Amino acid sequence: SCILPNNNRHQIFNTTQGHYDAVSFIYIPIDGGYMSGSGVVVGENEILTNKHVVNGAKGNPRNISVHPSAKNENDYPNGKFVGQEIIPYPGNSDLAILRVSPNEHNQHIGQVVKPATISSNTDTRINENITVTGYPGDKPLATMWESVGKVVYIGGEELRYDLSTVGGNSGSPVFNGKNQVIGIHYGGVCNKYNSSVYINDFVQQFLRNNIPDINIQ
């Protein structure tokens, strides 16, 4: 996750408004600190994020806290949901489904926010205007930031763009202008581009296979 020449980013304060509500903050304690990342609610009990993010839990999903619509370190408007099962993408992309437990009120994560709409990606192209929204670690903890830019590359399961991200953004949803998820940010090449897992037909099948209620448009 790299700061690029295009560094056009702003904080989301109304984090439950519109498509921002499914954007999720991830906190995993380690002995002596914490790993944080990002994700997006896509199903009744499911978020999407990276393999390397959930790996911070060292195989134990109950080390993972998911805070949908997190606004800041003292403001979690939807509380948190604890990891229950890690379902990695069988292919070679840095993509994982995290299934989470209900909360203390027996609410499911996909009930307290609107699950994100997944693009079928039939129209996605080079140079289209997009956003990557999540929890960059150069900002205050658990604050949501949107980063504005353009697609520069599409290939197999990789989509690249020219917009800035930072450690902490891993797992952030990539949104098109219709606020649909076209990919899942995972990293980049500093300071050439940033990159996401592209939700192509094979990744879409993995999603539907594991999240039958998924909303693909």
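Here chain A follows Swiss-Prot, giving residues 66-282 in order.
Method on record in the header is X-ray crystallography, 2.1 Å.
Keep in mind that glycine also has a Cβ here, set from the backbone N, Cα and C atoms.
Annotation comment: Swiss-Prot describes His117, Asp159, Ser235 as active site, charge relay system.
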Close in space, distant in sequence - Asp159 (active site, charge relay system), Cβ under 8 Å, 6 or more apart: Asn115, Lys116, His117, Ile249, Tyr251, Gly252, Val262
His117 (active site, charge relay system) - helix vs strand vs coil (DSSP): helix
Structural state of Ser235 (active site, charge relay system), classified by DSSP into three states: coil
Lowest local Cβ density (other Cβ within 10 Å) among active-site residues: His117, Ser235: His117
